[PDB]
Structure formats: C-alpha cells, structure tokens
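Step one of this worksheet: look at the structure below.
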Amino acid sequence: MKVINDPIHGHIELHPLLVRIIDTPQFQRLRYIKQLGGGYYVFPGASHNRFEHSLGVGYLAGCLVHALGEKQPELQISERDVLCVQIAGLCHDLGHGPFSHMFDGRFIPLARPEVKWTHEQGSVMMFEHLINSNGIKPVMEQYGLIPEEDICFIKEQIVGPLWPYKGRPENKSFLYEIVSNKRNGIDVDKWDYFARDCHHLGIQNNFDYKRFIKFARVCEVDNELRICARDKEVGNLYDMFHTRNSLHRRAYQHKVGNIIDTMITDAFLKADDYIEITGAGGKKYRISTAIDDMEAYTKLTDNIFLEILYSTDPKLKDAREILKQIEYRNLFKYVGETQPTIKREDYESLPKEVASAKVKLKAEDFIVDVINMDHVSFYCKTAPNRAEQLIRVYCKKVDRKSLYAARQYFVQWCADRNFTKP
Amino acid sequence: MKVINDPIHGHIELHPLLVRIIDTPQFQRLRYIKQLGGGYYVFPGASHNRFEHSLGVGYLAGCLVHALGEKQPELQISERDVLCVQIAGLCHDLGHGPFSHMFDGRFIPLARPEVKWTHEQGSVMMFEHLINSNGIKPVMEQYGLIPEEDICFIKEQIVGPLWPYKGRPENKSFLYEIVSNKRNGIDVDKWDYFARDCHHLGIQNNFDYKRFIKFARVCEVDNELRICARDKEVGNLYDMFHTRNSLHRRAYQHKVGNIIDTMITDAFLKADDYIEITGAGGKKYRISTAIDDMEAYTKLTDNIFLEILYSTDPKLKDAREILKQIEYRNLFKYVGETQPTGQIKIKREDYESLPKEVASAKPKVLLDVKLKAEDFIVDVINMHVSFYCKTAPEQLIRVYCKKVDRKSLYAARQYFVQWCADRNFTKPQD
Amino acid sequence: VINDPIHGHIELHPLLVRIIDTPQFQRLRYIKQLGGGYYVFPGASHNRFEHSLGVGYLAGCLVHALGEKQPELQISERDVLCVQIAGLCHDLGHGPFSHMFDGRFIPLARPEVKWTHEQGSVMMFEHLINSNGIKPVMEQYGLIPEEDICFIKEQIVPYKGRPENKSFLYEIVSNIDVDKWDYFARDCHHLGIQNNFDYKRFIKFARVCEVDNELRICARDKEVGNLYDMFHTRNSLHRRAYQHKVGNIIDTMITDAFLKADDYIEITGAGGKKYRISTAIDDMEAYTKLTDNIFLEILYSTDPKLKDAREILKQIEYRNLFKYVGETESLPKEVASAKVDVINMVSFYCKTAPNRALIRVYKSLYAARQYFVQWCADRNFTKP
Amino acid sequence: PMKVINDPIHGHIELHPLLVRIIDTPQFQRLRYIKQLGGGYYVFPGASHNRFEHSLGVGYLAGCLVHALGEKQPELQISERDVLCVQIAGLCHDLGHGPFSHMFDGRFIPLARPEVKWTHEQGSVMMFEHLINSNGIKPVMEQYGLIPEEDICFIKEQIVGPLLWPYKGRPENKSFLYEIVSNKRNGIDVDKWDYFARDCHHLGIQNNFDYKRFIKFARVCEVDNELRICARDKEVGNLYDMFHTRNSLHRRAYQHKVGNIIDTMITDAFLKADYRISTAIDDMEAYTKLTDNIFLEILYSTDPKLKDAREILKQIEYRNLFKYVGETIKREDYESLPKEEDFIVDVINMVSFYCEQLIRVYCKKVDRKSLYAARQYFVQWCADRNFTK
Ligand SMILES: Nc1nc2c(ncn2[C@@H]2O[C@H](COP(=O)(O)OP(=O)(O)OP(=O)(O)O)[C@@H](O)[C@H]2O)c(=O)[nH]1
Ligand SMILES: Nc1nc2c(ncn2[C@@H]2O[C@H](COP(=O)(O)OP(=O)(O)OP(=O)(O)O)[C@@H](O)[C@H]2O)c(=O)[nH]1
Ligand SMILES: Nc1nc2c(ncn2[C@@H]2O[C@H](COP(=O)(O)OP(=O)(O)OP(=O)(O)O)[C@@H](O)[C@H]2O)c(=O)[nH]1
Ligand SMILES: Nc1nc2c(ncn2[C@@H]2O[C@H](COP(=O)(O)OP(=O)(O)OP(=O)(O)O)[C@@H](O)[C@H]2O)c(=O)[nH]1
Ligand SMILES: [Fe+3]
Ligand SMILES: [Fe+3]
Ligand SMILES: [Fe+3]
Ligand SMILES: [Fe+3]
C-alpha cells in the first residue's frame, strides 16, 4: 500500500494494482501536460499538470465509493468494484493532448475537421495500450478482478456507453455517476480540479467534498439509483456551482488566456506538416496524425511547444516566429465577443466568413475562437433514500488601422449571421 | 502598472521597467525549469517553476525596501533604489539550469570538474545578455536609472562583491543583504520559496513575512548598517527556522528525490557528447559546454529531459534507458548515508573520483559479487541575527547502486561501510 | 486602537472615541445582529456594536484612500471624519434583535405608524449629541455642527449638508457599501461561511468617475471578478442564514411573545413617562432602554399578566416550535377565512482610460396546510 | 437522523438524540446568556460568544477523543455507552457558570459570602442534577442503553472530580476517561481545546495548535503506574504549539489591565445591589434565572435603592474606569485585602510520550490624584506584607 503526499488531498494511499498502472510510460506521460494549458501564461501559479490531477480523481473516487459502501452495505459494493471506480477515475484523462483542452476542441477541428475526436475517446484507447504494453491484465486477475468484464466497466465510466452499460448491470447504476457524471454535473473529477485549480490560481474554493461525501447516499429516483445529497446540506452545492462559475468566468474564459491558446494552436498548424512523431512499426506521424496511433500519441506532450521554439530547421520558421511573439508578448489583438442567440467541424470556415462580410483584410490575419461552457436528487431525514457558447474574434495585425477594420467586418459578420450586437 | 495574480502573495504590482525584463526569451525561459527539480517525481504537488518564484522574490524585494524607506527617511531610500532591489530579486535566478540545483550542483562538476561554475555566476551572465539583446539599458535611464552604476549594483546584489562593493557606497550596505544574505540566511529569497514550496508540497508554515517586514528596521551594529528585527517578533523568526528545517529534512533531503536527481544527472552525462545546442555565431554547444555561451544557454531548460526521452537516435541508447527506468520506477537503490564530520569536506572537483574510490574499497570479508565503479552513484548533499527594543531602537554523503539484486546490494553495502571506515567518515546506521 | 478579528486594528481618533463612550452608542452591544438566527446558528452571538465599528472603519478606509489616489477630489478633513461618524452611527436605531423589530413587530402592533430602523438612527443620534455634549467637541476638531451633523444624517437616511460636487461621498455608507462589506464579511466569520470578497482590494482599486454627468464610485474592469464573488456572498448569506426556515419562525415566535407583553411591560423614558413596548420608538429617552433584555424579562417574569407571553418563550426553550405549512397585519384573518411570515429583500473604469466609464405560513397541522392552500389561490398567489 | 449543527470552529457537530434532549431544557439553554470572557467583551468587541456555543464544542470534541481511542484500541473496552457519558460530561461541563463566568465564583462570591466554599464545578453538579430531575431525562437515558444510577455519578465525577481509587463511577482500568474532559495533572483536555480555539477566533489571535492532529495520533498507555493518555514523540512540536496559545490568551486576553478592572467594577455593583444574587447559588431553580441579565437589570433600574449601583454602571458606559495602581492568598481572605478608603485589589490566578498568582490594585477615584496616594499606600503594603517590590 503506497502513499503519496498531496497539497490538496493530504495522504493518498495507492493499492499495488493502481501503482502498477501509475508506473507506466502511458500514465507518467501525464507529467507533461499543463492543466489549464495556455492559462499558465496568464496565471503564473498554474503550472500544474494532469498527472497529479489524475491521482486526485482516483483518490476521490475511492473516497466516494468506499464511503457509500460503509453507509449502505446493502448496495453490495465489493472490494473488486472499488478498484474499478478508482482505476476509472485514475485513467479518465489519459487522452488529453498538449495544453489539455486546447487540443481536442480547438486544434484538431482546425487541423483535421474531418475527424470526430474527443479526449474521452483517447483515454479509452490509451488505457488499452497501457494494459496491453505493460501486461496489466494478469496483475488485475492477481488482485481479484475479472479483466474481460471489468475493463469494459472501466471504459464505460470514462467514455460512456459503448440499460446501456455492459460492465455492470442496472442495480449498480450509481457507480457510473461517480467518476464522470454528465446529467447532474457532480463527479469526483470536478471536485478535484475545482479544488485543485483554486489552490493554484489563488481563489478560495467554497465547496467541501469531505462533507458532501459524509452526507452522500444512494437513493431510488424515478425507478433508478442515483447518488443524492442531504436536504440540510444543499448550501454546500450552491457554492460548488458558484465555484464552478467563478472558475469559468475568471480563469478558463480569460480574455488573454484563450488568446495565447489560439496563438499556440496557430503555430501548431504551421508546424504540422514538418514535425514528425514516431509511432508503431516505425511509422512517422505528423502532429495532427498522431491521435491515430497510441504508441505515437504517448510521445506527444507539452514538449512540442519548446521544440518549435528551440528549432533551427527553416522548415519550422513560420511556426517558430509565432511562438517567439508569445515570449516577447506581442499577442493577437482583441476585436470582440458575441453569442448565438456552432459545431467544431465548422470551425474551419469561420475565418473565411469574416473577411468577406463587407483597408484590406484577408483570412490569414483572422483568428476566431469558440468557447463552450435543480437536477440534483435529495433525501430527507424522515424519509431517506427517496428523491452556453461564446464566440470571440482576434486579429493578427496589431496596428490601429487594420484593427478598426477588423471590428466592423466582425460587426456585420454578426448581423448577417444573426447574433447579438457586440 | 501591471498586476499579476499570484497564489502566495495575492498581488504583485510590476513596475513597467520590470515588465520589460520579464517579456524576454531570457527571463521567460524560467517557465520551463522546475524549482525543486527532481522533487516533482516524489511530490506531485511540487510542479511549480522558477518563473512564478522569481516574481515573488521581486515582489518581496520591493515590499522590504519601501517599508524601510517609509519607516526611516534618514536612510535615503530612493524610488531608484527600490527599482534596483526589485530588479535584483527578480533576476536572482536567471542562471539556473535544467531542474535547478541538479545542474550546477551535481551535473556540471561531473561533466567538467576543472571548471568552476555556479548558478549565481550564471544569473550575472544572463542578466547582461538580457539587456544587450533586448535593449533594456535605454529603458532604464528613461525611468530614472543610471546604467553605469546600477547594473553593477544589481550584479553585486546577485553574485556579490566583484569596502568591496562598487555599485553603491557603504552607507547603504543594508541593501546587499535583502536579496542575498550570506551571514544569517534571512533574505526575501528564503521567504518566497519557503512559502511557495510549502504551498505546493503540503507542509504547514508558521512564518509570516507580512508581520516580519512590519517590525523591520535599519540599525547601527559594529559601526555598520544592518537589518534588524523586533525583540517582540523574535518568536516569529523561530517559526521561519521550524519551516526551514521541515523543508530540508522532508522535501529537499528525500531519499528517493535525490536518487531521481542522480538518475537524471547520469543520463545527461551519457547524452552530453551527443546532444547539440545552437548558440552565438552558429556555434554548436553540448550540454556541459552551454554554460559558456548565453545564447545557447537560453534554450537549455527542463526540455532537454524530454528531448533525450523522446529521442530515436541509437547514439542516445544508453541515455534514453536511464530515463526509462524512472518511468518504470526501476530506480537506483539506496545503499547508505554518512557524514564527513571532523574531516575536511568533499570538494566539487573530486566528485568524479568518488565512485572510483568506493568500488576500490576492500570489503573485509570476501563476497560473491564484485562491483565496479560504474555501479556506484555517490551523491553529495550540502546545506547571526540582531534585535532592537521598543524604548531604545552540514554536508551529507550517500551512496546508491544501479544493480538491484538483494545479493548484489549487500556487496555494495559492505564496500560502502569500508569506504567510510578507511576514509574516516562516520559509520553508517543500519 | 481596537482589536478586531475582521478588521484587525482600528485606529480611533478621539472624536470617534467620545461618540462611542456614550450610553446611547454602547447600547448596541445588546442587540444580536441576526436576532432569532442565534437560535439556529450557535456561532452568531455578535451584536450591532462591533458591526458599527466595522462600518465606520470601512467608511474611513474608503474616503482617505480616494483622497490619496485623487487629491483633486477635494477631500476635506471633515469628509474623513463625517463619513466615519456616519458609518459609525448608521445602525443606532436598530431595536431588540434588529430587523425582526422594524420588519415585523412595529407593523403588527401599530400598523398605522411608519417607523424603520433607519429613521430610528437619526432620532437616537439627535438624542446622543445633544445630551452628551458632542457639539463642542466636533468644532474642536474642525467640524461645523450646522452643516456637518446634517451630512451624517443624510448618509444614514440633492442634499444640503454637502452639495452636488461632493456626491461621491453619499454612495459610501448608504448605496455596494462599506456597510455591506462589514456584515457580509462579519456574518461569514461567525456563521462559518466562505467569504470570497476582499474589500481591502476593492478599496485598493476604487476610483472617482464621471458617468452620466455625475461623480460616482467605480471599480476597475480587471477586478470585476471580485464583484461577482460578493453577490454570491450576498446571495449565499440570504439563502442560508437570513431566509432560514426555522430562523424566521423563531423570530415570529419572539415577535408574538413580545405582543403578549406589549400592553403590560413599561419602560421609563423622558420625564418619568411610562411607555409600552411598541410606544418606545416615539421617545428617544425610553428607546435607549429597549434592548435584548426585554427577551429575558418575559422569561424571568413572575407576573401573571405576562403568563401567556412567558409560556411562549418557555415553549421556545423546550424546543416545541411552530410547524411549517407552506410558502408562496390583515393577513392572518385572511387565511382563517378560506374554508404568516413576510420576507422581503455598476460603474467600471479602465486602465488606459481612467476617470471614464416571499410569504410563508405556519393531525391539526395537516388540516391547516390544506386550509392555507386555498388562500394562495384566493389572493391569486402561487401553488406551494 | 443525527441532528447536525453548524459550528464556526468545528464546522458541523453531530448530536446524538439524548444530547439534544439535554440541550433543549431551561437549565441548559441558560448558557446562551452568559458571556464567555465575561469582562473581556468591553475590551475585545469580537468576544461576543457565550458558554452555550462553547459547551457544544466540548461535547463535540469529547466524543471525538474517546471514539478515536476505542477504534484505535478495541481492547481498551470503550463501549458506545462509555462515549455518551463523556459527551454528556463535556456538554454539561460549564452548567454552573454564573454571570460573566469566572468573575462570579472567583472574584465576587468570596467578597459577598467569604464563609461559603463555592466553585462553578460544584455548581454544575447541582445544575446537572436538577436538569435531569426537572426535565425527566432519566427514562430517556435508560431508553438509549445507559444505567442512570452508575452513570450520573460517572459524569458528576468527570465534571467535579471524586465526590486508593476514589472514583465510584468507573473502575481503575478505565482511568483514561477521567482525563478527557477534566485533566488535573497535565492541563491537556478537550475543554482547553475548545476555548483555546474559540477565544482566539473571536479575539482575533493566531492559533498554532491542531486538535485534529493531536486527537489523531493520541493513545492510551500503561505508564506512571497508571492507564493515562499520551501523544507521539514527533508531535512534540504540535504540543508545544498549544502552549504558545495558552499563554498568549492569558498574557493578552485574560490578564488584561483594563479587562480585570471592568471585572471588579461589575463585581462591586453586584455587591451593591445584593433569593438574592449571592444567595442564589443555593437554590438551582432560582440560579437558573441568574444570567448576564442581572447586569441589565441593575443598569436599567429605576428603584432608588439601586441608584449607586446604577451610577457605577453609568461609570462603565462613559468609560471612567478605576485607575490602575500597581501589580505585585486564600479565598476566605479576599475581603480583608482592601482594608489591609475605597480600594479595590484584585487577585488573578491561572505529560506522556510514545515511540502563578498576581495581585493588582485599582482606585475608585481618579481625580484627587494623588493617585499616588493609592501608589504610596501600596508600596508600603507590599513591603509590609513582604510581597514583591
Ligand atoms: N507581460 C506579462 N504578463 C503576464 C505574465 N504572466 C502573467 N501575465 C498576465 O498577463 C497579462 C498580460 O497580457 P496583456 O494583455 O498585455 O496585459 P494588459 O495589456 O496590461 O491588460 P490588463 O489585463 O488589463 O492589465 C497581464 O495582465 C498579467 O497579469 C508575464 O510573464 N508577462
Ligand atoms: N511509485 C510512484 N511513487 C511516486 C510517484 N510520484 C511520487 N511518488 C512518491 O515518491 C515516493 C517514491 O518512492 P518509491 O521508490 O517509488 O516507493 P518507496 O516505498 O519509497 O520504495 P519502493 O516502493 O520499494 O520502490 C513514494 O513514496 C511516493 O509517495 C510516482 O509517480 N510513482
Ligand atoms: N473607550 C472604549 N474602548 C473600548 C470600547 N469597546 C472596546 N474597547 C477597547 O477597550 C480599550 C479601552 O481602554 P480604556 O481604559 O477605555 O482607555 P485607556 O487609555 O487604555 O485607559 P484609561 O485612560 O485609564 O481609561 C481599547 O483597547 C479598546 O479597544 C468602547 O466601547 N469604548
Ligand atoms: N433543537 C435545537 N436545534 C438547534 C439548536 N441550535 C441550532 N439548531 C438547528 O435548528 C434546527 C431546529 O429545528 P428543528 O425543528 O428541530 O429541525 P428538525 O427537523 O427537527 O431537524 P433537522 O432536519 O436536522 O433540521 C435544527 O435543524 C438544528 O440544525 C438548538 O440549540 N436546539
Ligand atoms: Fe479530469
Ligand atoms: Fe531563489
Ligand atoms: Fe449595518
Ligand atoms: Fe469551560
């Protein structure tokens, strides 16, 4: 039983099987992916990576499952189930690319509009490669799990359905709500990064998971088992959504923060053809091509930022000069924001529309970013166990002649595309 | 006035001059060099880099002088003096290599023993290079500074004396103790990384800089102006040293942490001859040679770790596998610890020869496994306050082994105990 | 200097000290801020006294900071003292258990007369200065009694104390307020609620601004996030503490218990005149005596005229409170005939371009809940 | 179904239904109207807090300490029954406190009735007895698995002490239970932990001590020829940190020049109006009503007999305190001390591992100062009585 020292969670004990998963080139790969991505460049405190977050989600998953189990033994929660929810919360973020969310959502739609790709899909594909290349299946059976059935349970917790779920039957439905919960917006993953980003950004985090877990119970609602909260402890939830909202409004949706994200994205596109990443069978993959092979994708981390920056190859000159501008602080200028009163595939066309909306501006000077941002069941003391899209535009030309021009092309772009007035 | 959101200090206002220095390839380079270096692989919380630390030291530098300036006008503390102290604390750590203290503390001595290199010497070379290549010197005189004298003052605050100090006179001696304090070990640098390492490592910190600065005053001692603290705020000083002790015993001196430090160093030595970094005048530099040229050194960060790890060249075969062992946790094994008490300390030049010495230390009773120098890692770890009144104002030596078998390690342990015995260090504790 | 858990060290200029050391001001030490809320949240013992000290302090913190940042604002030495005294005496008129009194009790006993804690604050302030001789002390430290005393009253209740050019001054105590900042920060401290807002910094980045041809107080655009966390603190504090189901119930029990005692309890005021509980708001000599003592006076009373009043407080201590039916003066008669608590509740500048821009009702309880439900439909309210 | 209370110090306190039954009583609710620091409030505005919210903490902390030993060491034989006695003991620990707490049993009664040997601890037993008797808690006790005859004595012993192995409530193998609420040897108990953490919070003082950690790594041991409670050798730094706070609160808050002046001011006015106030400690039915209310009943009174008491209380509100003369004994004798000429003279009074009395004098008249008259008498009194110079 290994223990790791955490600033947020204190002491995290790791069952030897988890450790076997952690000590792998596929999981250690997460030491090199900044959580907030571009956000480190606006908030100097936020250097932290996905690796230390993963241990957080794994810890919390174990905290929620074990705690529900002792509170409600009739849930028939086995020791085998506990590792499965842990291992799932642990490998949830295996698929994240360079700078986390910048990759799946901003870059790939631009580099390869054709492909439907998410980081959740990557986490599943990576998880298999982790198991296959390190031979974890026998170790799983060594600690009392059944690999054929449990690996399916784990993959479903991460990506979702491949009664929908094949890993566990409907009586243990609540288990799916622990690591990734889409309906409620309550999962041990958020509790980690909600608490974890606040620790680093310098914001007070009001939500207390230790108390929520204290008063959490599995209950019947609409003929389905879901995880529910106490009625007296509803105040703890309201601070979560505000903490959830503060973190979005301030950090994730920061004017400068997502701007640096697009500059980096912009350089990657400029570097995609020329930079090669070695994969399976010695096949060379480009930056956009890497997500196909997990052997190659294992190599793709935040390293890619610095190799362009440090590159001497003239083939990488245009991409490098964009990254140089980040370090000298000569950024893209902000034009305006709007709302759809859009799909990722269609991101491709968005700059082409603004240049031709009617000093001359072309598409090459236009960057357009798309940002994407009760339902809680409750039990009672007397009767327990009873129940946007924001669109911004930036410009590559900084001078005050080209920038005014950019705004009106933008304003008409909004008018004909029937959005709100900027 | 730019404001930066810092988790430790809340708000660091940055004077326009300071900002011009930051937005440079030479300073921004500090974003890709982890503060604790190897410690990240033992503490997941300690991800933080030199950059966010530097800004703190700069901020604290400013907080200290302004407070002395406001409290004691006879001191002649100018707005010019404040900026220079700020610039010093800000650029204090420019010369740090990959993974900080591993580079100039373990690596460079192994790669180039003859060469005398410190990171303090590095920050001075870098600071000059920042200004020349970014034309910051004209920016200074515009905001009321004197390039001739102040650049000397700043460099002296950092490295020290090249009355020894030529940048400023003796009546303002107290300024040299703010960023770099050799006597007691109390400076704005200690305070930042004390607070920041605790924040990330998860250690309880009692020391309050905000209060210590509040009750700080300049005083006459030994016919010399020094920084002093209140007699009432004596307990608070003790809280700093309780923290200072925790950070060392727990974090900086972690058994595995310095092992992973030695492992990285080892891969570097094996990759040194083969890895090329382009510098000034199109001159190609190796990893150990880079410290000479600042143009090349600008590019040298924690990236070099990933460049070796992700490399496909067969020349880097041995170098990549040392890094591979880290990812699999097939680490070097700890043999034992000892101290050179009484006897003269080890010097940096001789670090090279130390594994050769232990391998050739005759273990009393013969054993079935004979070890050569290449299986031995030997690491060397290395580690005055005035008061006023209200009415009247070590060296640690460890050995590790690359071969892990339980029969293979015992031979090593017996070699080590012998090495301490013949060299009169202390007997290792079981 | 005073030691505060929230504001740390509060420097007190002797004029302030003279105002504080009075039977009229030191009186507010006996008025629980949350009132009935103490019986639900055990930490909230705190009173209006230490709150007042907070508001005066914050008030002083705001103007002087504007004065140094913008000397051009024409910040007089009087302005610093007046706003302090204004923020200091802002809550003088509060009755026993604070808002329970002004919000529920006076409206029930004497529905006709409009008396609020704000209106009360001036009458007490008037009784205070005149009866303890503060007027000579004010002019002694550079004040003008005729003009300055009115200015304070104005902040408490364009304006004759100060002209339209010193308009920025009026937005400070009563508006975003130095007042709001105290009880938002103060209540979080005692209740155990996260207070995200930082006033010291709002004060750091606060500025005088011309907008719509008016000098008003503004905030920095980058420090907009600081504003959002406050309204959250503002919203959280209401949802949890101020609008608490049991909390407002216990206030109503006390309100009713005070009524059974209204006719019978007498307090001596000006001229040895006997005033009842509801009548005290009229005479300021008598009002100084009406504090939270009145609660225990019913509890400890041996008098049988107050037997019914006492039996309610007894019912409170044994914890047999009223039962909640549903949510959606004349009102109780209204529900009874169908075949009750009533609760009621920005400029920015830029760095590059500064100086620019509910009704609730309380197995006989099951029947009542059904009786109530018709009343909502009856007056065209919402379905519970 | 365990009712939870929101506490600022401890966060949330779980209450076993019995504890709740004890709390909802005229005798326990009495603690809502007794200021903790007493005189400290007129010197520290933050210190509004009363004995009530303190009692719940001690009750909460008490439960935290015993259970931790039981789960850590099942062979110690801590029953779920044993735990409740300690919770109830910690909960009712402060039942006997009078108006403004320690001012009452240790600065007033010695003056009012020097003859009588009275402590608030002795009072809490009397209050605890009448509470149960007058609220019918005894059947509820048997309802949750307690045995009233043996347990009421055990609790009473936890509070006051023994009423050779003296204690009749529990045997010698369960010695550790007696150190939890009341610790006579060390001064380390859950009582200290609450008001240490609680007073700092209201006073605005920094606290280094962590009870959550001390409770976590604490264990019961066979040393000192006794089963006693201990801490780890490494957690000496944590223990030392409690001691910086204990002295801080004493040096700063409890032993304040002005704070102790206002205590005697209140005390003198109390003597001045004096079942009566001094006699009340005899009857618990009457004592139940005796709270901080008495301060206000003196202050707002119109009766001419209490006029001087009011004029002294008037003196409080206008901030004309006694003038402090100087700093430099048994309870019966506090009375003779000023006589030894309206002089007030106050007397202030204040470990296992595994692998003072100060006297101050004030004067009622500031003017005719000649405060030196008080000072000249004092220097002679100490010299004459061979105290410190
Ligand atoms: N220049 C610079 N800014 C940094 C750095 N790290 C974080 N920042 C933040 O990033 C922002 C810099 O982007 P800019 O758009 O140029 O800042 P600005 O133009 O002054 O605009 P404001 O946000 O209103 O201050 C600043 O607000 C800083 O707080 C850094 O290393 N250099
Ligand atoms: N295994 C592992 N430990 C980590 C990691 N990151 C930080 N740690 C911590 O760093 C320490 C590394 O020591 P290890 O050698 O891996 O574990 P150990 O118990 O000290 O020694 P062994 O388990 O016998 O190898 C552990 O105690 C962990 O708490 C990681 O990624 N993998
Ligand atoms: N004057 C006054 N002080 C208060 C009040 N409430 C709390 N205090 C605190 O009580 C202390 C006042 O001490 P005082 O005795 O009134 O003044 P002093 O100058 O120290 O002593 P004297 O001049 O002898 O009265 C200060 O530390 C205040 O922080 C109050 O309502 N009025
Ligand atoms: N009985 C009681 N409740 C208190 C006390 N102090 C705070 N409280 C809170 O006030 C509420 C009392 O109202 P009740 O009618 O007893 O509420 P309840 O339905 O019985 O219990 P809950 O469901 O936990 O709210 C409790 O929920 C406690 O959280 C106290 O001293 N006695
Ligand atoms: Fe995640
Ligand atoms: Fe440093
Ligand atoms: Fe107010
Ligand atoms: Fe106590």
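Indices start at 1 and increase along the chain as displayed.
Per deposition record, X-ray crystallography, 3.7 Å.
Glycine too: its Cβ is placed from the backbone N, Cα and C atoms.
In Swiss-Prot, the annotation SUMO2 cross-link falls on A:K343, out of A:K317, A:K343. Of the listed candidates (A:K362, A:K381, A:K396, A:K397), Swiss-Prot assigns A:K381 to the same dATP 2 site as A:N5, A:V42, A:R211, A:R230, A:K232, A:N236, A:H254, A:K255. The dGTP 1 site recorded in Swiss-Prot includes A:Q35, A:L36, A:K190, A:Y193, A:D197, A:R244, A:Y252, A:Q253, and the single candidate from A:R29, A:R50, A:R183 that the record places there is A:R50. Per Swiss-Prot, the annotated SUMO2 cross-link among residues A:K34, A:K182, A:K360 corresponds to A:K360. When Swiss-Prot records A:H53, A:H92, A:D93 as binding Mn(2+), the matching candidate from A:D189, A:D208, A:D222 it lists for that site is A:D189.
Of the deposited chain, 6 residues are missing between A:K358 and A:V359, and the straight-line Cα distance between those two residues is 11 Å. Under DSSP, A:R230 (dTTP 2 binding site) is assigned to a strand (E or B) in the three-state scheme. Candidate binding-site residues: A:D23, A:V42, A:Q253, A:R329. Those with a Cβ under 6 Å from ligand 1, in sequence order, are A:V42, A:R329. Taking the Cα atom of each, A:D23 (GTP binding site) and A:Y193 (dTTP 1 binding site) are about 22 angstrom apart.
Looking at the residues that bind dGTP 2 per the record, A:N5, A:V42, A:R211, A:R230, A:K232, A:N236, A:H254, A:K255, A:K381, the two CA atoms farthest apart are separated by 46 Å. Only A:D23 of the recorded positions listed as A:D23, A:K232, A:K343, A:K381 bring a Cβ under 6 Å of any atom of ligand 2; the order follows the sequence. Annotation: residues between A:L162 and A:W163 (8 in total) lack coordinates; Cα distance 12 Å. By a Cβ separation below 8 angstroms, chain D lies close to these of the binding-site residues A:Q35, A:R211, A:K232, A:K381: A:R211, A:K232, A:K381.
Here the CA atom of A:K255 (dTTP 2 binding site) lies 26 Å from the CA atom of A:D93 (Mn(2+) binding site). Counting only same-chain residues at least 6 apart in sequence, those with a Cβ under 8 Å from the Cβ of A:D189 (Mn(2+) binding site) are A:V57, A:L60, A:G89, A:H92, A:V179, A:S180. In the deposited model, 10 residues between A:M373 and A:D374 are left unbuilt, and the Cα atoms of these two flanking residues are separated by 18 Å. At the Cα atoms, A:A387 lies 28 Å from A:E388, with 17 residues between the two left unmodelled. One residue stands out among the binding-site residues A:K2, A:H254 for having the most other Cβ atoms within 10 Å of its Cβ: A:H254. Here the CA atom of A:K333 (GTP binding site) lies 10 Å from the CA atom of A:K255 (dTTP 2 binding site).
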